[PDB]
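Shown next as structure tokens: one chain only, the form deposited in one PDB entry.
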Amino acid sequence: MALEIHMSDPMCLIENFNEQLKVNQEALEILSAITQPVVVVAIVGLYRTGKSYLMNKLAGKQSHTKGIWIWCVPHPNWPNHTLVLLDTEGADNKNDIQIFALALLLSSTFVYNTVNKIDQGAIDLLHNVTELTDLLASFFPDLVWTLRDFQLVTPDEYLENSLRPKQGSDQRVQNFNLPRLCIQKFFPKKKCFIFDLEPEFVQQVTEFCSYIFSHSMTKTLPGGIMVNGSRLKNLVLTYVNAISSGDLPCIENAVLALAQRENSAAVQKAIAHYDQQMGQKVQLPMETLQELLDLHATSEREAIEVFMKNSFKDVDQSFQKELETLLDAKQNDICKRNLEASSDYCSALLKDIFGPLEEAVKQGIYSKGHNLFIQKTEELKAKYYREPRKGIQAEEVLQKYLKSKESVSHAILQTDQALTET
């Protein structure tokens, strides 16, 4: 089951309106339904607003300030891959650093979109967002630093030269090297672009898109764990609830929370499959108990397989043992329902087979006599035993009914013997 989604316009994902970080639930239902692997490239534009121009070129064809906006499009070069675009723009206060580090945590490519040239303020700002996403192999996202509006030096050498530290040890050169060295090791792969309709300006914006479409990889987690639309939803809920609660987002707790949710979903898909198979193949008045248990075993082994194909790092087999106890409870319930259905069905058979019989004795039709009453009851037991499928509780309910009619049979014998003497 694969559901490919293509949306025409971007939506709001995280809201920083007022003071609390609110999550747009409608954007999560669209994201969760995505089954393909996602390539999340986050676009963060500082200072001047860029009318989300880079986001539209990456999508294949309004203000995104205090919050993150998401846009899911199919990858143009990678088949069966979903391109997820995150756009956000913003001395800037501390509330925008939280959403920038969020976009950095959710992304596999971080597009830093500033203006003019690389100043100390933009480096200090990028250094600040890397601290909220704690860093304590290749799951770190790559940096794409774009510069708008402007000894031959290439843009790549400029970015590598804008981060080259100067030797020294005073508390004003160390503070000059600390942010420029903290992002040197944070982003292992770096790329720089210089921007300036003009026929030459689109040349740099297309090779920027060609670099994003050819280099940006599927987002992964520590442990070689590919991320799709469902797992990115849990990453957002884990990271947002971490920031909104005052905690620093730890990544080892995000993967455990994701594992505990995919396992809870696994035991539900197993029970759902078991309920479907059991509800479609079982009519309660079964012929024999063994035929009901064989139906349960076939549905049980299929449910266990559905769990194993959807589980993810089952800790101590706690979810598998939980599933096996629920299946055993359904085995005891269906066997109890099988006996009740056999008793209730067989009770309705006696009301119709012995209905006219106990109604005939009420009018004294055997008050002759009794030898014709025992042979008529015996005749009705042959019709009851030759019913097509009545369950396994057929013998116990018949005897329980016959022992309740002993007083009626003894009374007919008294009347039959009372008139033979006269």
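So that there is no doubt, residue numbering starts at 1 and follows the sequence shown.
J.: If I compare the deposited sequence with the modelled residues, how many are absent between residue 305 and residue 306: none, 1 to 3, 4 to 9, or 10 or more?
T.: The entry leaves nothing out here.
J.: In terms of residues present in the deposited sequence but not modelled, what lies between residue 150 and residue 151: none, 1 to 3, 4 to 9, or 10 or more?
T.: Per the deposited record, the segment joining residue 150 and residue 151 lacks coordinates for 4 to 9 residues.
J.: Mean CA temperature factor from the deposited coordinates, higher in 384-392 or in 22-30?
T.: Per the deposited B-factors, the answer is 384-392.
J.: Higher average CA B factor in the deposited record is what I'm after, so tell me if that's 92-100 or 123-131.
T.: 92-100 has the higher mean C-alpha B-factor.
J.: Can you pull the Cα B-factors for 108, 174, 298, 82 from the entry and say which is highest?
T.: Checking the PDB record, the top C-alpha B-factor among 108, 174, 298, 82 is at 174.
J.: Which has the highest CA B-factor per the PDB entry: 279, 229, 76, 199?
T.: It is 199.
J.: Ranking every modelled residue in this chain by its Cα temperature factor as given in the entry, which third contains residue 319?
T.: Middle third of the chain for residue 319's C-alpha B-factor.
J.: Using the B-factors in the PDB entry, rank residue 57's C-alpha atom against the chain and give the third, lowest, middle or highest.
T.: Middle third, going by the recorded CA B-factors of the chain.
J.: Report the third (lowest, middle or highest) to which the CA temperature factor of residue 190 belongs, ranking only the modelled residues of the same chain.
T.: Lowest third, going by the recorded CA B-factors of the chain.
J.: What third of its chain, lowest, middle or highest, does the C-alpha temperature factor of residue 139 fall into?
T.: It falls in the top third of the chain.
J.: Name the third of the chain's ranked CA B-factors that contains residue 253, choosing lowest, middle or highest.
T.: Residue 253: CA B-factor falls in the highest third of its chain.
What comes next is about the form deposited in another entry, which does not appear here.
J.: Between two rigid parts that rotate between the shown form and the other one, there's a hinge somewhere. Which of 249, 21, 36, 342 is there?
T.: The hinge residue here is 249.
J.: Taking the shown form as the reference, report whether the CA atoms of residue 261 and residue 110 lie closer or farther apart in that other deposited form; the distance changes by 3 angstroms or more.
T.: Distance between the C-alphas of residue 261 and residue 110: longer in that other deposited form, by 3 Å or more.
J.: How does the CA gap of residue 254 and residue 13 change in that other deposited form versus this form, closer or farther, if it moves 3 angstroms or more?
T.: Their C-alpha distance grows by at least 3 Å in that other deposited form.
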